[PDB]
Amino acid sequence: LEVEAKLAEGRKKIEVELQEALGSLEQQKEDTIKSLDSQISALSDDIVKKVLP
Amino acid sequence: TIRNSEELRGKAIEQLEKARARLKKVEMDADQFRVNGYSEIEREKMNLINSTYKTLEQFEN
C-alpha cells in the first residue's frame, strides 16, 4: 500500500509535467505562427513558379 | 519383575533423550527457518519495490 501510494503521487507529478510541456509547446507554435511571415510570402511566391510551366 | 522395571526405566530414559534431542533439533529448524524466511521476505520486499519503481520509469518513458 505504501509503494502504491508513492506510484500514484509520482504519476500525478508526471501528469503535471506533461501538461506544462504540452502547454509550452502550444505556446511555442502560437509564437511561430504569429511570427515567421516572410516564410509565408516566399512560400506563396515559390509555388507560383511551380503551378505554371 | 526386576527385569521389566529396570528395562522400562532404561528404555523410557533413552526415549526421553531422543525426544529432548528432537526438541532441540526441531527448535534448530525453527529458529534457522525463522532467520531464513525473515530475510527471504525482506529481499522479496525489495523485489516488490524494484518492480514498482521500474514500472514507474516505464510510465514516464
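Every number here is computed from the coordinates shown, using simple stated rules; none is lab data.
The HN-Hα couplings worked out from phi for segment A:38-53 by the Karplus form 6.51 cos²θ - 1.76 cosθ + 1.60 (θ = phi - 60°) are 5, 4, 5, 5, 6, 6, 6, 6, 8, 7, 6, 7, 9, 6, 10, x Hz, whole numbers, x standing for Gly and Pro. Relative to its residue count, chain B spans a Cα convex hull of 47 Å³ per residue. Taken over the protein assembly as shown, the convex hull of the Cα atoms encloses 178 Å³ per residue. With the convex hull of the Cα atoms taken as the outline of chain A, the averaged projected area works out to 5.6 nm².
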